[PDB]
């Protein structure tokens, strides 16, 4: 099977190769941003798109190029043609609105509450947790790796098991 693009979240000129799994917020937190200190007037850059994937919560969003999208045979490529058209007719044509939008997008990566846990645990003893995301409805809850959730949202785990 293949991945499917749900929504184009953002666009940037970023460091060549700063795409894929190393760009999730949790890979950035563990190993540093692959795009850190990028200055488009000092080194090779490429147009990168921030992708929200179908069936994966916002913590799994990754930066991708049209090349990486085509190489991984992702579905929803019609949205790329659509986003590129929309992006071009914005540059031709706000900063408080883009800032507000960005803060919102950051909230979708925050666990508000844990509402279920798996009976099975990993070898490291972590169950998976069903997460309610800040600023998103319950229809957007998702199962997540307990080891990943414990890194930043231990307080949500503690609240869930305190009940």
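Numbering follows the first chain given and starts at 1.
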{"property": "Residues of the deposited sequence that sit between residue 94 and residue 93 yet are not modelled", "result": "10 or more"}
{"property": "Per the entry, higher mean C-alpha B factor between 46-54 and 66-74", "result": "66-74"}
{"property": "Between 126-134 and 36-44 (mean CA B-factor, as deposited), the higher", "result": "36-44"}
{"property": "Given 115, 100, 110, 27, the residue at which the Cα B factor reaches its maximum", "result": "100"}
{"property": "CA B-factor placement of residue 105, once the chain's modelled residues are sorted into thirds", "result": "highest"}
{"property": "Third of the chain, ranked by Cα B-factor, where residue 21 sits", "result": "lowest"}
{"property": "Residue 11 - Cα temperature factor, lowest/middle/highest third of chain", "result": "highest"}
